[PDB]
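Working notes for the structure below.
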Number of protein chains: 2
Amino acid sequence: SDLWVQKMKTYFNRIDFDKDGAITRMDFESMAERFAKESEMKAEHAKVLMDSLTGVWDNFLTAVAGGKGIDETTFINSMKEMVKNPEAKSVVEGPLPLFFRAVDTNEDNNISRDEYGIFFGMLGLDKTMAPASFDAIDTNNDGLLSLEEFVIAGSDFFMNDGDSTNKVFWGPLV
Amino acid sequence: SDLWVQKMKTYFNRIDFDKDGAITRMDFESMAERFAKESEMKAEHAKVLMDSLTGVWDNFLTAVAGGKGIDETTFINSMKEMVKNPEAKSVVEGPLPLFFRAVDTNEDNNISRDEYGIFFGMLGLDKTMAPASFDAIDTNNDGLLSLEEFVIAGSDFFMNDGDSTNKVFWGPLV
Ligand SMILES: [Ca+2]
Ligand SMILES: [Ca+2]
Ligand SMILES: [Ca+2]
Ligand SMILES: [Ca+2]
Ligand SMILES: [Ca+2]
Ligand SMILES: [Ca+2]
């Protein structure tokens, strides 16, 4: 599925933090460390960040190539299989809440525009691309992202075979 | 809803590891600690256990009371709200992969009867209560619970308003 392959390629890109062509725990370790240095947050949030981002690999991605590096082909091949069973979606969707927890640096349980902008910036993206993605997730227009909005949009990104506004969940498509 | 409420109360009973009437991070920490004692896995897995278990609280239950200890009624009402929007199911089911990762002490991506049994024993249940639940989960009778099998069963537990074989997912109902 064209657009669907394109979304996976995009996600792969954004999460391949060190850009070496393979998803590894190292990507999440480094992303966390940068995030902890450069963002404003509650002091205790630095540990949360590390646990939650590394937990993406530890509890989810580790199951893809059983322990090591995931190349772009294996990623797509793997996800392709994973989305097949409508009853096991949480294996694909599971990481959203962890991403959410890391991004909520003031731990108020909502993601604000500033927190989202910082997130895009951690992924190496131009902060000026955040609003279009934020806006797609903020369905009630209250100017915040609730856990519910975040997971619903993220779920759409991963699962929709067709075009939707959530195709830009992880920034601009490659 | 009567049975659903019963299941929620049962999940609540189970995770309230100390039995103080409140679910707190400490529950998971103490559970982590006892889990490690009861199994006799390799060193590297000890940390996995801790990380995985506390991760249930850190990323999922903290969304319930802004970080404080959750009482039974608060728990059930939250759950009632959470299960209403099926598109957001991952907030509820999100923890299953975490539990899986903790229970698979030999990091082989499968849960054996031994491993499952330690999990039950761990939770204050007698290992004879286990086989009942195992077999409900092992839908292809190959004597191993795969990640997919674990989350499908767990999801039925959480989401089925009606009776099903998976109501015993967390052991005998209270
Ligand atoms: Ca990488
Ligand atoms: Ca926030
Ligand atoms: Ca909103
Ligand atoms: Ca407790
Ligand atoms: Ca195992
Ligand atoms: Ca099986």
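Ordering of the structure tokens sets the chain letters (A, B, ...); residue numbers start at 1 within each chain; ligands are numbered from 1 in the order shown.
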
Using only C-alpha atoms and all ligand atoms, which protein or nucleic acid residues are at most 10 Å from ligand 6, as an mmCIF file with C-alpha atoms, in the first residue's frame?
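Produced file pocket-v7.cif, reproduced below:
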data_model
loop_
_atom_site.group_PDB
_atom_site.id
_atom_site.type_symbol
_atom_site.label_atom_id
_atom_site.label_comp_id
_atom_site.auth_asym_id
_atom_site.auth_seq_id
_atom_site.Cartn_x
_atom_site.Cartn_y
_atom_site.Cartn_z
ATOM 1 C CA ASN B 110 7.405 -16.865 24.527
ATOM 2 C CA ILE B 111 5.794 -17.563 27.894
ATOM 3 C CA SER B 112 6.026 -21.184 29.027
ATOM 4 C CA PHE B 134 -2.969 -20.597 30.343
ATOM 5 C CA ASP B 135 -5.141 -22.797 28.119
ATOM 6 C CA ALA B 136 -7.666 -20.012 27.554
ATOM 7 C CA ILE B 137 -4.758 -17.975 26.164
ATOM 8 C CA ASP B 138 -3.028 -20.769 24.213
ATOM 9 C CA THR B 139 -5.499 -20.722 21.306
ATOM 10 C CA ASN B 140 -3.372 -22.968 19.037
ATOM 11 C CA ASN B 141 -2.590 -25.558 21.798
ATOM 12 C CA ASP B 142 1.200 -25.438 21.206
ATOM 13 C CA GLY B 143 1.880 -25.019 24.942
ATOM 14 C CA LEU B 144 3.410 -21.536 24.597
ATOM 15 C CA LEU B 145 1.863 -18.054 24.865
ATOM 16 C CA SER B 146 3.149 -15.795 22.048
ATOM 17 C CA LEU B 147 2.970 -12.013 22.464
ATOM 18 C CA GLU B 148 0.009 -11.883 20.071
ATOM 19 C CA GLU B 149 -1.816 -14.591 22.043
ATOM 20 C CA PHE B 150 -1.098 -12.746 25.317
#

Can I get the residues close to ligand 4 as a ChimeraX atom specification, where close means within 6 Å and we count only C-alpha atoms and all ligand atoms?
/B:16-24,27

Selection from above, N, CA and C atoms, as a short mmCIF file (atom, residue, chain, number, x, y, z; two decimals), in the first residue's frame, can you write it?
data_model
loop_
_atom_site.label_atom_id
_atom_site.label_comp_id
_atom_site.auth_asym_id
_atom_site.auth_seq_id
_atom_site.Cartn_x
_atom_site.Cartn_y
_atom_site.Cartn_z
N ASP B 16 -2.81 -4.69 43.35
CA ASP B 16 -2.68 -4.04 44.67
C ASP B 16 -1.81 -5.03 45.46
N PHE B 17 -0.54 -5.06 45.07
CA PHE B 17 0.39 -6.05 45.64
C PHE B 17 0.48 -6.02 47.15
N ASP B 18 0.56 -4.89 47.80
CA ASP B 18 0.68 -4.90 49.28
C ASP B 18 -0.67 -5.13 49.93
N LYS B 19 -1.74 -4.80 49.26
CA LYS B 19 -3.11 -4.95 49.76
C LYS B 19 -3.47 -3.77 50.67
N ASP B 20 -3.06 -2.57 50.31
CA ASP B 20 -3.38 -1.41 51.15
C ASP B 20 -4.64 -0.72 50.64
N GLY B 21 -5.22 -1.23 49.57
CA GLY B 21 -6.45 -0.59 49.05
C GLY B 21 -6.12 0.51 48.07
N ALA B 22 -4.84 0.65 47.77
CA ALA B 22 -4.41 1.66 46.78
C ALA B 22 -3.33 1.11 45.86
N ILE B 23 -3.48 1.47 44.57
CA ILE B 23 -2.47 1.04 43.59
C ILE B 23 -1.45 2.18 43.57
N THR B 24 -0.21 1.88 43.81
CA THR B 24 0.86 2.90 43.80
C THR B 24 2.07 2.32 43.10
N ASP B 27 3.63 -0.59 44.55
CA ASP B 27 3.04 -1.95 44.29
C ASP B 27 3.93 -2.70 43.30
#

Using only C-alpha atoms, I'd like every residue of chain B that has an atom within 9 Å of chain A; please write them out as number ranges by chain.
B: 48, 51-52, 55, 58-60, 62-63, 66, 82, 85, 87-91, 93-98, 100-101, 108-109, 147-149, 151-152, 155

Show me, as a ChimeraX atom specification, the residues that have an atom within 8 Å of residue B:8 when counting only C-alpha atoms, minus same-chain residues fewer than 2 positions from it.
/B:4-6,10-12,76,79,158

Those residues you just picked out, can you put them in a file as a PDB file, in the first residue's frame with N, CA, C and O atoms?
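Generated output (selection_26.pdb):
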ATOM      1  N   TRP B   4     -18.109  -7.360  34.088  1.00  0.00           N
ATOM      2  CA  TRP B   4     -17.010  -6.447  33.734  1.00  0.00           C
ATOM      3  C   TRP B   4     -16.441  -5.779  34.998  1.00  0.00           C
ATOM      4  O   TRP B   4     -15.216  -5.798  35.273  1.00  0.00           O
ATOM      5  N   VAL B   5     -17.362  -5.263  35.788  1.00  0.00           N
ATOM      6  CA  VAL B   5     -16.993  -4.615  37.066  1.00  0.00           C
ATOM      7  C   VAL B   5     -16.252  -5.609  37.948  1.00  0.00           C
ATOM      8  O   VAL B   5     -15.342  -5.201  38.654  1.00  0.00           O
ATOM      9  N   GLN B   6     -16.663  -6.872  37.894  1.00  0.00           N
ATOM     10  CA  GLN B   6     -16.061  -7.941  38.697  1.00  0.00           C
ATOM     11  C   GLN B   6     -14.598  -8.141  38.277  1.00  0.00           C
ATOM     12  O   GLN B   6     -13.683  -8.269  39.097  1.00  0.00           O
ATOM     13  N   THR B  10     -11.020  -7.494  40.197  1.00  0.00           N
ATOM     14  CA  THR B  10     -10.094  -8.602  40.233  1.00  0.00           C
ATOM     15  C   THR B  10      -8.729  -8.064  39.772  1.00  0.00           C
ATOM     16  O   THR B  10      -7.798  -8.264  40.527  1.00  0.00           O
ATOM     17  N   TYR B  11      -8.694  -7.406  38.627  1.00  0.00           N
ATOM     18  CA  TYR B  11      -7.415  -6.780  38.200  1.00  0.00           C
ATOM     19  C   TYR B  11      -6.858  -5.902  39.352  1.00  0.00           C
ATOM     20  O   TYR B  11      -5.682  -5.951  39.760  1.00  0.00           O
ATOM     21  N   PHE B  12      -7.732  -5.073  39.885  1.00  0.00           N
ATOM     22  CA  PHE B  12      -7.420  -4.197  41.012  1.00  0.00           C
ATOM     23  C   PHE B  12      -6.839  -5.000  42.151  1.00  0.00           C
ATOM     24  O   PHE B  12      -5.687  -4.680  42.596  1.00  0.00           O
ATOM     25  N   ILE B  76     -12.114   1.812  38.972  1.00  0.00           N
ATOM     26  CA  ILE B  76     -13.238   1.335  38.132  1.00  0.00           C
ATOM     27  C   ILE B  76     -13.884   2.397  37.252  1.00  0.00           C
ATOM     28  O   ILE B  76     -14.310   2.072  36.131  1.00  0.00           O
ATOM     29  N   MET B  79     -11.507   3.306  34.354  1.00  0.00           N
ATOM     30  CA  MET B  79     -11.567   2.164  33.411  1.00  0.00           C
ATOM     31  C   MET B  79     -12.836   2.207  32.561  1.00  0.00           C
ATOM     32  O   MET B  79     -12.835   1.977  31.337  1.00  0.00           O
ATOM     33  N   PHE B 158     -10.110  -7.102  29.405  1.00  0.00           N
ATOM     34  CA  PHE B 158     -10.346  -5.700  29.626  1.00  0.00           C
ATOM     35  C   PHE B 158     -11.586  -5.162  28.941  1.00  0.00           C
ATOM     36  O   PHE B 158     -12.275  -4.288  29.504  1.00  0.00           O
TER      37      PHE B 158
END

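We find atom CA of residue A:39 and atom CA of residue A:125 to be spaced 15.0 Å apart.
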
Using DSSP on the backbone coordinates, identify the residues of stretch 55-172 of chain B assigned to helix (DSSP H, G or I); present them as a PyMOL selection string.
chain B and resi 55-59+61-63+72-82+86-88+90-93+96-103+113-122+130-137+147-159+165-168

Create the file for the chosen residues now, containing C-alpha atoms and written as a compact mmCIF listing (two decimals), in the first residue's frame.
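Produced file selection-v5.txt, reproduced below:
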# COMPACT_ATOMS: atom_id res chain seq x y z
CA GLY B 55 6.78 0.98 33.43
CA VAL B 56 3.12 -0.12 33.85
CA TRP B 57 2.71 2.53 36.51
CA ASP B 58 4.99 5.15 34.94
CA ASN B 59 3.32 5.21 31.52
CA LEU B 61 -1.57 4.15 35.67
CA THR B 62 -0.14 7.63 36.20
CA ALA B 63 -2.74 8.84 33.72
CA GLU B 72 -10.79 0.96 43.86
CA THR B 73 -13.70 3.26 42.94
CA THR B 74 -11.42 5.72 41.16
CA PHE B 75 -9.91 2.76 39.35
CA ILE B 76 -13.24 1.34 38.13
CA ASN B 77 -14.67 4.70 37.02
CA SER B 78 -11.53 5.59 35.09
CA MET B 79 -11.57 2.16 33.41
CA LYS B 80 -15.24 2.70 32.58
CA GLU B 81 -14.30 5.94 30.82
CA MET B 82 -11.22 4.49 29.14
CA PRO B 86 -12.40 1.72 21.31
CA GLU B 87 -10.10 3.80 19.09
CA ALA B 88 -8.15 4.64 22.24
CA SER B 90 -4.15 1.10 23.55
CA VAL B 91 -4.16 3.14 26.77
CA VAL B 92 -5.86 0.17 28.45
CA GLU B 93 -4.18 -2.67 26.60
CA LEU B 96 0.15 -6.22 28.27
CA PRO B 97 3.42 -6.20 26.29
CA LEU B 98 5.06 -4.78 29.42
CA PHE B 99 3.77 -7.60 31.60
CA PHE B 100 4.77 -10.08 28.84
CA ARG B 101 8.33 -8.77 28.81
CA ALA B 102 8.52 -9.07 32.60
CA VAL B 103 7.20 -12.69 32.68
CA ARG B 113 3.83 -22.82 31.68
CA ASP B 114 6.69 -22.57 34.19
CA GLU B 115 7.09 -18.83 33.60
CA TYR B 116 3.32 -18.22 33.61
CA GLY B 117 3.08 -20.25 36.83
CA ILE B 118 5.73 -18.12 38.54
CA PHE B 119 3.76 -15.02 37.48
CA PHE B 120 0.61 -16.44 39.17
CA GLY B 121 2.50 -17.73 42.22
CA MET B 122 4.04 -14.30 42.29
CA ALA B 130 -2.79 -21.12 36.41
CA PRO B 131 -3.43 -23.96 33.94
CA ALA B 132 -7.03 -22.77 33.67
CA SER B 133 -5.95 -19.34 32.42
CA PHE B 134 -2.97 -20.60 30.34
CA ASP B 135 -5.14 -22.80 28.12
CA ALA B 136 -7.67 -20.01 27.55
CA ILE B 137 -4.76 -17.97 26.16
CA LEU B 147 2.97 -12.01 22.46
CA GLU B 148 0.01 -11.88 20.07
CA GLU B 149 -1.82 -14.59 22.04
CA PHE B 150 -1.10 -12.75 25.32
CA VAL B 151 -2.49 -9.38 24.13
CA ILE B 152 -5.59 -10.86 22.41
CA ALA B 153 -6.58 -12.66 25.60
CA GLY B 154 -5.67 -9.67 27.81
CA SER B 155 -7.68 -7.37 25.55
CA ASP B 156 -10.77 -9.63 25.78
CA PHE B 157 -10.35 -9.50 29.57
CA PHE B 158 -10.35 -5.70 29.63
CA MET B 159 -12.88 -5.05 26.88
CA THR B 165 -13.04 -17.67 28.57
CA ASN B 166 -10.53 -14.87 29.35
CA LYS B 167 -12.29 -13.48 32.44
CA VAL B 168 -9.79 -15.61 34.35
